[PDB]
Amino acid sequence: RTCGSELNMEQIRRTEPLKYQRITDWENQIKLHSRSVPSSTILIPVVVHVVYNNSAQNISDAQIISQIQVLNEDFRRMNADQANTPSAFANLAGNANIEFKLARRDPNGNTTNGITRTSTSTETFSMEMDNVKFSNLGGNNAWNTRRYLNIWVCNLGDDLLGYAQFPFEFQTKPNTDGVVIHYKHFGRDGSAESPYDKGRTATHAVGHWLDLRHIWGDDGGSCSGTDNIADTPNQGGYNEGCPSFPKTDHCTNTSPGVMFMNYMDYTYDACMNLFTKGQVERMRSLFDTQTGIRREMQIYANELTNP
């Protein structure tokens, strides 16, 4: 799996010192800014922006609805492959109690189905430029990011599957908040290409938009990096493909080993099947009713997801 949302803290400390300070401040303050976390279902209004240069990139409404179905399964532990979670880890599995619905009202109060379509001359979008998120750069401007989760679907090229913007970046980069997914790996079955054809590229990206990090700590295989989640076993490097349970490494050398079936690893879509309770706590904390950075999204979520 390829992803543009790695946080190699050793590298960031040297290459991006202001970003290092911002991430460290966010983590020092995350416990003090998560007391009024909601006890009820969190609803996320979604807008999907299809940005296409050709017919293959202009994916079907059914393809998009299947992706929303997958998010609602994975974030509510309603994925049928939950049964595949090894019994040693199933007791750590979390139910995020987060729902996703396509928007029915656009930012001007007009009816919408929550899908936009933008033809473009851009052949390939760049994560570096964030050009898919700007109408003037060949993409499509975000819908009010305080109220909608914006998911852009486009051609990210031969390598990149998707990328997300993290919550610590919301204050300074509000208009680029959201997630971008490669069109070939959006939705389940249908036009999606194996082995990333079960909609988990977006489950993984939405996990980053909800403050989660790669489970192995983005540290080049060492045991020094962390995902800041105590119930995800310390893990060396990423896993790819479809490992066999149990898989141990130099960070967790005893069975049950590393949680390679966590959505925040780099494994194939069909071999992923859980978030942990600790990851759920972190994601839900962003909706703390008094100080949660994404709390406003809950104020008008019902209004925006009904006709």
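The first residue of the shown sequence is 1; numbering continues from there.
Comparing 37-45 with 65-73, where is the mean C-alpha B-factor higher? According to the entry, 37-45 carries the higher average C-alpha B-factor.
In the PDB record, does 205-213 or 120-128 carry the higher mean Cα temperature factor? It is 120-128 that shows the higher mean C-alpha B-factor.
Kindly indicate the residue among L149, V153, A83, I115 with the greatest C-alpha B-factor in the PDB record. So the option with the highest C-alpha B-factor is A83.
Given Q57, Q279, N262, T252, identify the residue with the highest C-alpha B factor in the PDB entry. Top of the list by C-alpha B-factor: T252.
With respect to C-alpha B-factor, does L32 fall in the lowest, middle or highest third of the chain as deposited? It falls in the top third of the chain.
Going by the CA temperature factor in the PDB record, which third of the chain does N95 belong to: lowest, middle or highest? Lowest third - that is where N95 ends up once the chain's C-alpha B-factors are sorted.
When the deposited Cα B-factors of this chain's modelled residues are ordered and cut into thirds, is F245 in the lowest, the middle or the highest one? Tercile = highest for this residue's CA B-factor.
Would you mind ranking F134 by its C-alpha B-factor against the rest of the chain and naming the third, lowest, middle or highest? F134: CA B-factor falls in the middle third of its chain.
Grab the CA temperature factor for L160 from the record and place it in the lowest, middle or highest third of its chain. It belongs to the highest third of the chain when residues are ordered by C-alpha B-factor.
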